[PDB]
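Engineer: My structure is below; once you've seen it, I'll send some questions.
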Amino acid sequence: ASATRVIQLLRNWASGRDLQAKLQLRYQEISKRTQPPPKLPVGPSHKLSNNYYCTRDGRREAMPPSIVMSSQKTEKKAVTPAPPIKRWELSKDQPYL
Amino acid sequence: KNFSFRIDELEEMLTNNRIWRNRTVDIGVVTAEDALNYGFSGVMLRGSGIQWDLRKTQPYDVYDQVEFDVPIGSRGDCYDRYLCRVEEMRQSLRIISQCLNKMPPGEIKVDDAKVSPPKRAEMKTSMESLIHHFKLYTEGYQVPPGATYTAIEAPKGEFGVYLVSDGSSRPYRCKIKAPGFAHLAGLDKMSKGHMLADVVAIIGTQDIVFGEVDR
Amino acid sequence: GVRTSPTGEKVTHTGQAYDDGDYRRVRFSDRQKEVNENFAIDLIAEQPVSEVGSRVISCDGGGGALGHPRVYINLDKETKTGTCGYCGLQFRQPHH
Amino acid sequence: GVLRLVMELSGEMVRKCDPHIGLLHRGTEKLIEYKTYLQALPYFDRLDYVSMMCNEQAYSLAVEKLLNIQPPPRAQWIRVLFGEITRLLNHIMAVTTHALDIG
Amino acid sequence: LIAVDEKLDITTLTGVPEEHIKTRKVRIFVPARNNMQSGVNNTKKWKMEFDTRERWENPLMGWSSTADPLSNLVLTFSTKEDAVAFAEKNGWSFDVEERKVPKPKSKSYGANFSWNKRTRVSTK
Amino acid sequence: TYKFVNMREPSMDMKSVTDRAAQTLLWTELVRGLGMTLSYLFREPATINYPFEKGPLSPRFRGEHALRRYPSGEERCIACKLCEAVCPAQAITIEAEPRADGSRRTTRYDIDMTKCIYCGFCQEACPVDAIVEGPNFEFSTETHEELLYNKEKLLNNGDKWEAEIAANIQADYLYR
Amino acid sequence: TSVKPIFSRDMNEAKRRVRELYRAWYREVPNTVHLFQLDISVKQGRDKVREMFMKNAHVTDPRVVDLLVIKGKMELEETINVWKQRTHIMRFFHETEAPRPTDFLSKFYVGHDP
Amino acid sequence: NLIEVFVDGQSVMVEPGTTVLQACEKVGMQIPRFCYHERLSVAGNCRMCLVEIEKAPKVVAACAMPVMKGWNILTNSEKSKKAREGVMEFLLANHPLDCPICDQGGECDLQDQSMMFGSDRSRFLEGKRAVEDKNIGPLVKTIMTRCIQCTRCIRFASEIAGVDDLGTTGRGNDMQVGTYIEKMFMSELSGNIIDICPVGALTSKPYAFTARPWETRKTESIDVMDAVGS
Amino acid sequence: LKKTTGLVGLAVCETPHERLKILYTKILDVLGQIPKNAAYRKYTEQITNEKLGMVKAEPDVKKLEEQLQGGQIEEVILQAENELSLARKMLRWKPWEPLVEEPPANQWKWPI
Amino acid sequence: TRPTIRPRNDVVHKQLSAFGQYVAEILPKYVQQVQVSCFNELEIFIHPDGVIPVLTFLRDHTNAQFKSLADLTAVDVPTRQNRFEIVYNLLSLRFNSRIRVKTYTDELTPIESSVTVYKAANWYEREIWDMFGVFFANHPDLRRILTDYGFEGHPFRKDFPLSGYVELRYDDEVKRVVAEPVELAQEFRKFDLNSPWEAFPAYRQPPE
Ligand SMILES: CCCCCCCC/C=C/CCCCCCCC(=O)OC[C@H](COP(=O)(O)OCCN)OC(=O)CCCCCCC/C=C/CCCCCCCC
Ligand SMILES: *P(=O)(O)OCC(C)(C)[C@H](O)C(=O)NCCC(=O)NCCSC(=O)CCCCCCCCCCCCC
Ligand SMILES: CC(C)NC(=N)NC(=N)Nc1ccc(Cl)cc1
Ligand code: SF4
Ligand code: SF4
Ligand code: SF4
Ligand code: SF4
Ligand code: FES
Ligand SMILES: [Mg+2]
Ligand SMILES: [Zn+2]
């Protein structure tokens with residue numbers, strides 16, 4: 001910035017942290033407003049051969065929902081929608097604040 | 001780089017302030033069962049203590065390739081919710097750092113010109129690309145018939161879309177489930193035995209956006 | 001080619017001018033009528049005719065991806081000149 | 001600014017709260033029904049206007065799940081990065097406006 | 001489980017004004033195939049649409065103004081019976097047009113080359 | 001993984017009790033907040049001197065609409081109505097007829113700027129890059145009517161901002 | 001043919017509920033006039049309530065009557081709790097709408113509407 | 001009597017002499033087509049209707065192939081999809097980029113069938129052909145660069161209008177549909193060549209550039225200009 | 001032993017094993033009033049017996065919680081109470097009779 | 001690998017099918033149909049009178065702890081006799097799963113309110129009533145929630161016009177806001193966008 005040395009000491013002591021390292025204002029450390037022209041890559045389907053759309057058509061592979069039980073139409077174990085969720089583990093980086 | 005200091009400056013003014021603790025502590029306390037059943041999601045559940053988060057339980061996009069912690073409250077009040085939000089900001093900073101480190105190269109849209117519009121050069125040099133651009137920007141791609149309910153962990157909780165398609169290029173039905181709707185419905189439960197300022201604090205900690213509430 | 005209508009009102013490039021008995025001219029009182037002075041038809045007529053030695057010529061409007069979609073024009077009929085209809089540009093095959 | 005609250009108090013306590021929502025209802029769902037899938041994206045962009053890209057991501061995920069297609073990895077990483085940026089925005093707004101209401 | 005023999009009249013519940021309830025004649029029809037295209041996927045469901053009303057020009061900008069709320073209202077029904085039931089329970093007047101399917105035709109490529117018939121073509 | 005934010009029992013030893021009692025009687029955290037605010041007071045403000053200084057923008061910025069021309073002067077629009085097809089707000093009204101020389105050109109092109117949501121779909125759908133969103137954003141008016149642009153107004157905007165619009169399109173046409 | 005009831009098994013209970021709703025609306029007109037500072041008289045409010053009740057007199061299905069009285073109770077609840085403004089109460093009285101003629105000659109003169 | 005055929009494994013009874021395309025119509029499947037019109041003679045040249053029989057090694061043209069007893073028609077087979085993609089690839093390879101300036105834009109059978117039964121990409125790196133436009137009267141505007149040489153206008157002209165003035169002059173890729181001489185195709189039924197043309201090669205001159213199909217509202221009425229009551 | 005269960009409003013139970021045994025017994029004896037052929041009775045009896053055996057064969061609280069895979073043992077107790085209440089309600093409802101009524105001909109058909 | 005096609009989870013599909021069979025066997029009196037979509041979503045179609053028992057079972061059962069009510073909405077399909085389609089989305093945190101329950105209902109048929117089972121059902125059913133006209137029998141407080149006071153009609157029905165029937169403006173004669181019949185300066189332009197060619201052969205209906 002451009003503050004006086006005494007002002008910098010006062011602001012560092014009042015805040016308790018060195019504010020010169022972390023400045024809210026951007027001083028020439030941002031990217032240039034003018035950048036060189038890019039060259040974007042092509043996707044995986046930009047192939048001149050072996051690229052028939054019938055083999056890579058996501059929409060046409062959709063199906064109507066499968067009927068599991070319909071009213072019109074050895075013991076069995078009880079089942080759940082999914083295996084029970086495993087309990088979370090306390091983080092080792094900083095378990096408590 | 002220059003944001004953790006901002007978070008620390010924010011915390012210096014509110015976290016340990018006795019006035020803020022008086023205004024937020026033990027106000028709007030909601031139990032875990034009541035929060036759930038009233039239909040709560042996200043920060044409300046985490047403050048009440050329920051270890052639930054969509055980004056970790058039902059990952060979407062590449063959220064399963066990043067490491068972050070889920071803040072958990074203990075008393076289920078405004079102060080705990082505020083602490084959870086601050087820690088969520090820090091964890092989002094960590095996730096941003098990881099994404100910046102591990103950004104991959106490649107294309108930015110699906111290479112399927114029947115869904116994603118082709119590039120302008122291809123459209124101006126290719127007949128198929130021109131036809132697909134024309135059709136996509138006039139009629140729109142058709143979606144197979146069906147109905148889906150997809151929910152994500154938006155910053156205010158579980159934000160869900162129930163989309164019903166009849167096979168046309170326009171959606172037949174679109175229900176929008178906003179997290180703030182259930183929270184504002186439960187506002188009356190949380191405001192029992194409090195005052196006007198406490199009601200204001202409860203609304204603030206519920207973080208209601210009336211745009212998403214009303215739609 | 002901005003021409004003035006009988007009522008003293010400028011005529012736009014689309015041949016628009018309110019009639020004598022039209023009440024809608026009141027909106028221009030104490031104000032002005034927005035008319036673009038440059039006429040695209042007049043300018044494209046002022047543009048010359050390019051001559052190339054081929055039966056089929058490709059036009060993309062100039063600039064590549066900044067122009068219009070590339071089209072091919074057949075320069076066979078000597079009665080007229082082949083006109084790219086995106087940019088309205090005339091091409092011709094040498095005769096004499 | 002679009003909230004109407006009917007409160008029954010007992011001296012100082014609050015005995016009943018009734019939020020009268022509906023002051024910002026615009027028939028977004030019916031408008032979406034009348035639009036196409038691409039033309040309905042800004043409607044989600046304008047639903048929760050502190051988490052705009054989060055709403056866009058949710059709608060995009062729904063439409064992609066219906067279409068049975070998959071975004072490229074770079075697109076997924078960009079979506080996650082900007083979702084986290086939008087989460088920072090939303091949390092900042094929430095905490096700061098909470099404090100602004102309380103002092 | 002009470003018993004009643006009414007005709008399922010929800011006119012007083014729909015909230016539509018009596019003018020638009022009693023002065024509207026809807027058309028229950030299968031849309032005709034667009035002659036500019038050969039596809040027949042738009043001629044499979046019955047459509048219910050209302051009668052056209054006045055549309056004038058805006059004095060400013062010359063836009064197409066209107067005063068008929070039901071001008072853009074088009075409903076899709078699977079069967080004529082369902083469409084007629086909906087129209088009857090909503091109380092609007094209606095006229096129903098029967099479906100016009102294309103009749104089957106006899107086509108033979110060998111008929112283009114006939115020894116003694118007029119179906120012989122002069123070109124390919 | 002997860003973590004606890006407010007689960008930490010303070011110690012009950014005499015030293016900690018005395019420290020907490022001193023914090024209660026002597027407003028230590030309040031003094032800390034005052035010091036932070038004083039530091040922010042002595043920091044430099046982040047205010048720009050508008051209108052003499054302008055906030056940063058990008059070539060992708062969407063503002064006032066404009067209709068462009070070819071270098072030959074012929075207008076780029078070919079009356080294709082993809083504008084009207086793709087506009088989410090239905091803010092574009094287009095009417096066309098063959099020109100005197102037989103070209104496919106518009107006779108009416110109106111944009112309702114009070115209905116437009118400035119979403120930028122119209123310039124994505126243009127096959128000839130005719131309609132663009134110019135960088136101008138200071139076109140506030142004192143009446144509702146002045147925001148109902150027509151073909152003449154849009155062509156005037158294009159002629160007025162052609163240099164800047166062309167520069168922005170040149171700078172950001174490789175990403176599209 | 002056979003359907004489940006809402007509130008009334010037959011028309012007598014529906015008529016009883018209609019009478020109760022009419023009593024409730026009748027006893028609230030002066031209070032509504034006083035609270036909203038309406039410029040109308042109490043007699044005009046009573047006549048408007050009577051007119052609103054009489055425009056559904058042709059309903060014969062008990063379920064439709066039950067839904068109508070439920071909606072009427074909702075509207076009365078909105079009025080008693082002063083949730084509505086003077087705006088809606090006066091919206092009941094079409095006051096700024098021009099009188100549309102109901103004769104063939106006038107309808108022919110004004111425009112194409114039937 | 002009626003013979004039994006199979007479409008995608010579903011049995012259907014059809015009259016003798018019925019074609020694969022009509023059997024698919026009976027079962028509800030619409031085979032893609034460019035040159036086939038039910039009210040015209042069969043051409044079989046566009047090759048867009050190629051379908052696969054269950055055990056046959058070569059695909060057949062559904063518009064001109066009578067069904068045999070016991071045949072199973074695989075409409076959604078891999079071979080059928082690849083054949084449709086190839087035919088559409090050829091058509092769009094030689095077609096011009098005129099969709100925005102074309103009156104057939106939103107109601108084009110080439111665009112719709114390209115988006116349904118076609119590929120989304122082009123590997124054609126060569127230069128396209130250009131054909132000089134003809135003049136056949138003030139009612140029909142001809143931009144013959146968009147013609148796909150489907151010969152619908154020739155067959156319609158001959159059979160329906162009794163006017164044998166349209167035909168194909170040339171050979172190979174240079175084959176052109178036209179009148180050769182500058183004769184104008186004038187008849188009492190000359191706009192139906194505008195209707196039946198699947199592309200914008202023949203378009204209504206009075207209607208040129210005025211509007212787009214998605215904007216217009218369709219009202220079904222009858223014609224009052226004579227006693228036919230069309 | 002634990003100071004807090006971690007959930008607001010969920011108090012710590014000092015005697016979890018006895019409470020679990022009582023709740024499981026009350027669930028089992030209520031299900032005796034449901035017909036044996038009912039599909040609901042078999043599954044809930046099976047799961048209750050599977051969980052009841054774990055309680056009787058595990059004295060350690062942490063090991064019992066690990067075996068049950070139902071989270072906190074207080075959560076397990078609350079789930080047992082909810083299951084007992086549901087069993088009573090289902091006994092009142094009797095949802096084992098055949099279907100009340102089939103839907104109309106085309107009711108769930110989609111798209112339509 | 002296929003980059004442009006979404007992956008499929010046969011394990012989750014089988015688990016959802018098994019749970020659907022389980023619930024159908026447990027509740028034969030109300031469950032009419034069970035479906036599993038190809039993107040792994042379980043749907044249960046039940047009789048409208050079994051809403052309370054089915055929801056109570058799916059909330060309190062040990063293997064079916066769907067404690068959270070994710071959403072509650074209705075879909076209007078005029079062609080059906082029972083046009084309204086009430087949909088319940090339930091979330092189970094214990095097993096990390098979601099379920100969908102569907103119910104049919106016409107204009108005049110009330111439904112039992114689920115406020116006893118789930119508390120969000122209060123406002124969700126209020127919104128459903130306000131927007132469609134579906135009535136819930138045992139609701140603590142049923143009234144309009146989103147629409148304006150005195151609003152006539154249910155906007156989300158497919159037979160309700162987009163712009164409504166009335167509009168608001170300030171009238172200087174009466175010094176208040178008034179409601180007058182709607183009259184648009186520019187009419188909404190209806191676009192016919194459906195293509196005349198079938199796009200998905202998998203969903204093709206019988207020719208009837
Ligand atoms: C003029 C110079 C300015 C320099 C200072 C700069 C400005 C500093 C001002 C910042 C203050 C911010 C505003 C403060 C508003 C709130 C103040 C406040 O909260 O104080 C209340 C505070 C605690 O309240 P709670 O914790 O909320 O109650 C819970 C009880 N368990 O109570 C108080 O009374 C504060 C104490 C004030 C008196 C302190 C006396 C200390 C003890 C004196 C011992 C000496 C006795 C003398 C005998 C000596 C024998 C030898
Ligand atoms: P007797 O039983 O013969 O009574 C005669 C009638 C015709 C009422 C019969 O009871 C009868 O058979 N009626 C037909 C069925 C029926 O009861 N219909 C009535 C429907 S209830 C209804 O419509 C009530 C809703 C009206 C709410 C009015 C709102 C008040 C507006 C006030 C505006 C200004 C006030 C300040
Ligand atoms: C709907 C959300 C995104 N918006 C906000 N208005 N939250 C809010 N508490 N913000 C705020 C701003 C200024 C004032 Cl004076 C008082 C409150
Ligand atoms: S920016 Fe969007 S809303 Fe505005 S005119 Fe363009 S397409 Fe329409
Ligand atoms: S998209 Fe371009 S060419 Fe088409 S109408 Fe708009 S400005 Fe004109
Ligand atoms: S005929 Fe069809 S494919 Fe050819 S330019 Fe016209 S719209 Fe495009
Ligand atoms: S002009 Fe049209 S109808 Fe005639 S052959 Fe060409 S594409 Fe077919
Ligand atoms: S439709 Fe059969 S080959 Fe053309
Ligand atoms: Mg044509
Ligand atoms: Zn050109």
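Here, A, B, ... name the chains of the structure tokens in the order displayed, residue numbers run from 1 inside each chain, and ligands are numbered from 1 in the same displayed order.
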Please, which residues have at least one atom within 7 Å of an atom of ligand 1, using only C-alpha atoms and all ligand atoms, listed as a ChimeraX atom specification?
Structural biologist: /B:18 /F:24-27,30-31
Engineer: With DSSP run on the backbone, what are the strand (DSSP E or B) residues within chain A? I'd like them as an NGL selection string.
Structural biologist: :A and (66-70 or 90 or 96)
Engineer: Just N, CA and C atoms for this one: save the residues we selected as a PDB file, in the first residue's frame.
Structural biologist:
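Okay, this is what ended up in part28.pdb:
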ATOM      1  N   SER A  66     -39.042 -50.167 -14.891  1.00  0.00           N
ATOM      2  CA  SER A  66     -39.350 -51.589 -14.851  1.00  0.00           C
ATOM      3  C   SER A  66     -40.405 -51.870 -13.791  1.00  0.00           C
ATOM      4  N   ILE A  67     -41.434 -52.620 -14.171  1.00  0.00           N
ATOM      5  CA  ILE A  67     -42.505 -52.971 -13.246  1.00  0.00           C
ATOM      6  C   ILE A  67     -42.009 -54.086 -12.336  1.00  0.00           C
ATOM      7  N   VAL A  68     -42.040 -53.841 -11.031  1.00  0.00           N
ATOM      8  CA  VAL A  68     -41.597 -54.814 -10.045  1.00  0.00           C
ATOM      9  C   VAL A  68     -42.769 -55.592  -9.460  1.00  0.00           C
ATOM     10  N   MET A  69     -43.872 -54.907  -9.173  1.00  0.00           N
ATOM     11  CA  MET A  69     -45.068 -55.546  -8.647  1.00  0.00           C
ATOM     12  C   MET A  69     -46.287 -54.834  -9.213  1.00  0.00           C
ATOM     13  N   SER A  70     -47.282 -55.614  -9.625  1.00  0.00           N
ATOM     14  CA  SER A  70     -48.525 -55.071 -10.149  1.00  0.00           C
ATOM     15  C   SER A  70     -49.695 -55.875  -9.606  1.00  0.00           C
ATOM     16  N   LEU A  90     -14.539 -38.853  13.203  1.00  0.00           N
ATOM     17  CA  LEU A  90     -14.124 -37.512  13.589  1.00  0.00           C
ATOM     18  C   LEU A  90     -12.855 -37.119  12.844  1.00  0.00           C
ATOM     19  N   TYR A  96     -11.839 -30.404  16.967  1.00  0.00           N
ATOM     20  CA  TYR A  96     -12.546 -29.410  17.760  1.00  0.00           C
ATOM     21  C   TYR A  96     -12.003 -28.024  17.450  1.00  0.00           C
TER      22      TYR A  96
END
Engineer: With 12 Å as the cut-off and only C-alpha atoms counted, what is the closest atom pair between each nearby residue of range 11-126 of chain H and range 43-64 of chain A? Distances in Å to one decimal, ordered by chain and number, as a tab-separated table.
Structural biologist:
residue	atom	partner	partner_atom	distance
H:76	CA	A:54	CA	10.4
H:77	CA	A:54	CA	9.9
H:78	CA	A:54	CA	7.4
H:79	CA	A:54	CA	9.9
H:80	CA	A:54	CA	10.1
H:81	CA	A:54	CA	6.6
H:82	CA	A:54	CA	7.2
H:83	CA	A:54	CA	10.7
H:84	CA	A:54	CA	10.3
H:85	CA	A:52	CA	7.9
H:86	CA	A:52	CA	9.4
H:89	CA	A:52	CA	10.9
H:114	CA	A:53	CA	11.6
H:115	CA	A:53	CA	11.1
H:116	CA	A:60	CA	10.3
H:117	CA	A:54	CA	9.1
H:118	CA	A:53	CA	7.7
H:119	CA	A:53	CA	5.5
H:120	CA	A:53	CA	7.2
H:121	CA	A:46	CA	8.1
H:122	CA	A:48	CA	8.5
H:123	CA	A:48	CA	5.9
H:124	CA	A:48	CA	9.3
H:125	CA	A:48	CA	10.4
Engineer: Neighbours of ligand 5 within 10 Å, counting only C-alpha atoms and all ligand atoms, as a PDB file with C-alpha atoms, in the first residue's frame?
Structural biologist:
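That gives us selection.pdb:
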ATOM      1  CA  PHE B 134     -30.944 -24.379 -35.588  1.00  0.00           C
ATOM      2  CA  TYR B 137     -32.106 -22.946 -30.471  1.00  0.00           C
TER       3      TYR B 137
ATOM      4  CA  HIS C  68     -21.784 -15.917 -41.990  1.00  0.00           C
ATOM      5  CA  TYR C  86     -26.226 -13.789 -46.423  1.00  0.00           C
TER       6      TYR C  86
ATOM      7  CA  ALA F  66     -27.191  -3.578 -30.807  1.00  0.00           C
ATOM      8  CA  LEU F  67     -27.452  -4.703 -34.426  1.00  0.00           C
ATOM      9  CA  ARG F  68     -24.223  -4.925 -36.414  1.00  0.00           C
ATOM     10  CA  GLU F  75     -26.728  -5.192 -42.099  1.00  0.00           C
ATOM     11  CA  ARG F  76     -25.920  -8.675 -40.842  1.00  0.00           C
ATOM     12  CA  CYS F  77     -29.434  -9.744 -39.824  1.00  0.00           C
ATOM     13  CA  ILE F  78     -31.122 -12.057 -42.328  1.00  0.00           C
ATOM     14  CA  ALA F  79     -34.544 -12.222 -40.617  1.00  0.00           C
ATOM     15  CA  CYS F  80     -34.251 -15.799 -39.367  1.00  0.00           C
ATOM     16  CA  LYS F  81     -36.252 -15.330 -36.116  1.00  0.00           C
ATOM     17  CA  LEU F  82     -33.987 -17.542 -34.012  1.00  0.00           C
ATOM     18  CA  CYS F  83     -33.976 -14.451 -31.774  1.00  0.00           C
ATOM     19  CA  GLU F  84     -37.710 -14.780 -31.244  1.00  0.00           C
ATOM     20  CA  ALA F  85     -37.528 -18.574 -30.989  1.00  0.00           C
ATOM     21  CA  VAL F  86     -34.877 -18.628 -28.251  1.00  0.00           C
ATOM     22  CA  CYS F  87     -35.701 -15.476 -26.273  1.00  0.00           C
ATOM     23  CA  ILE F  92     -38.060  -9.686 -29.492  1.00  0.00           C
ATOM     24  CA  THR F  93     -40.649  -9.057 -32.215  1.00  0.00           C
ATOM     25  CA  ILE F  94     -39.543  -9.610 -35.816  1.00  0.00           C
ATOM     26  CA  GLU F  95     -41.399  -9.064 -39.089  1.00  0.00           C
ATOM     27  CA  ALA F  96     -39.761  -9.625 -42.462  1.00  0.00           C
ATOM     28  CA  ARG F 104     -34.232 -11.521 -46.928  1.00  0.00           C
ATOM     29  CA  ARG F 105     -34.207  -8.563 -44.535  1.00  0.00           C
ATOM     30  CA  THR F 106     -36.251  -7.425 -41.555  1.00  0.00           C
ATOM     31  CA  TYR F 109     -37.191  -5.599 -35.228  1.00  0.00           C
ATOM     32  CA  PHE F 121     -29.284 -16.131 -25.564  1.00  0.00           C
ATOM     33  CA  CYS F 122     -29.991 -14.017 -28.657  1.00  0.00           C
ATOM     34  CA  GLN F 123     -26.319 -13.506 -29.525  1.00  0.00           C
ATOM     35  CA  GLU F 124     -25.610 -17.216 -29.024  1.00  0.00           C
ATOM     36  CA  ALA F 125     -28.334 -18.214 -31.494  1.00  0.00           C
ATOM     37  CA  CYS F 126     -27.374 -15.732 -34.220  1.00  0.00           C
ATOM     38  CA  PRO F 127     -25.775 -17.576 -37.169  1.00  0.00           C
ATOM     39  CA  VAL F 128     -24.422 -14.269 -38.538  1.00  0.00           C
ATOM     40  CA  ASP F 129     -23.529 -12.398 -35.304  1.00  0.00           C
ATOM     41  CA  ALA F 130     -26.015  -9.609 -36.018  1.00  0.00           C
ATOM     42  CA  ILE F 131     -27.623  -9.042 -32.611  1.00  0.00           C
ATOM     43  CA  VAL F 132     -25.118  -8.459 -29.806  1.00  0.00           C
TER      44      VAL F 132
ATOM     45  CA  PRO H 100     -31.435 -19.468 -41.581  1.00  0.00           C
ATOM     46  CA  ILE H 101     -32.229 -17.955 -45.009  1.00  0.00           C
TER      47      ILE H 101
END
Engineer: Return as number ranges by chain the residues of protein, DNA or RNA that approach ligand 3 to within 7 Å, with only C-alpha atoms and all ligand atoms taken into account.
Structural biologist: B: 204, 208-211; D: 1, 49-50, 94, 97-98, 100-101
Engineer: Give me, as a Markdown table, each residue of chain J that comes within 7 Å of chain E, together with its shortest interatomic pair and the distance in Å at one decimal, counting only C-alpha atoms, with rows ordered by chain and rising residue number.
Structural biologist:
| residue | atom | partner | partner_atom | distance |
| --- | --- | --- | --- | --- |
| J:79 | CA | E:77 | CA | 4.8 |
| J:152 | CA | E:15 | CA | 5.0 |
| J:153 | CA | E:15 | CA | 4.3 |
| J:161 | CA | E:70 | CA | 5.9 |
| J:163 | CA | E:69 | CA | 6.8 |
| J:164 | CA | E:69 | CA | 6.6 |
| J:165 | CA | E:69 | CA | 6.2 |
| J:182 | CA | E:67 | CA | 6.6 |
| J:183 | CA | E:67 | CA | 4.6 |
| J:184 | CA | E:66 | CA | 5.8 |
| J:185 | CA | E:65 | CA | 4.8 |
| J:186 | CA | E:65 | CA | 4.7 |
| J:187 | CA | E:65 | CA | 5.3 |
| J:190 | CA | E:72 | CA | 6.1 |
| J:196 | CA | E:41 | CA | 4.5 |
| J:197 | CA | E:39 | CA | 5.2 |
| J:198 | CA | E:41 | CA | 5.9 |
Engineer: As number ranges by chain, please: every residue in range 17-70 of chain E that a backbone DSSP assignment puts in helix (DSSP H, G or I).
Structural biologist: E: 18-22, 69-70
Engineer: Based on only C-alpha atoms, which of the residues in chain C come within 6 Å of chain H? I want them as a list in words.
Structural biologist: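 Here they are: residues 72, 73 and 74 of chain C.
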Engineer: Let me have all residues with an atom within 8 Å of ligand 8, counting only C-alpha atoms and all ligand atoms, laid out as a count of residues only.
Structural biologist: 20
Engineer: Counting only C-alpha atoms, what are the residues of chain G within 12 Å of chain D, and for each of them which pair of atoms is the nearest and at what distance in Å, to one decimal? Sort the table by chain and rising number, as CSV.
Structural biologist:
residue,atom,partner,partner_atom,distance
G:78,CA,D:20,CA,11.7
G:81,CA,D:6,CA,10.0
G:82,CA,D:6,CA,10.6
G:83,CA,D:20,CA,9.1
G:84,CA,D:20,CA,11.3
Engineer: Neighbours of residue 122 in chain B within 10 Å (only C-alpha atoms; same-chain residues fewer than 4 positions away dropped), as a ChimeraX atom specification?
Structural biologist: /B:118,126-130,133 /C:65,69 /H:121-122
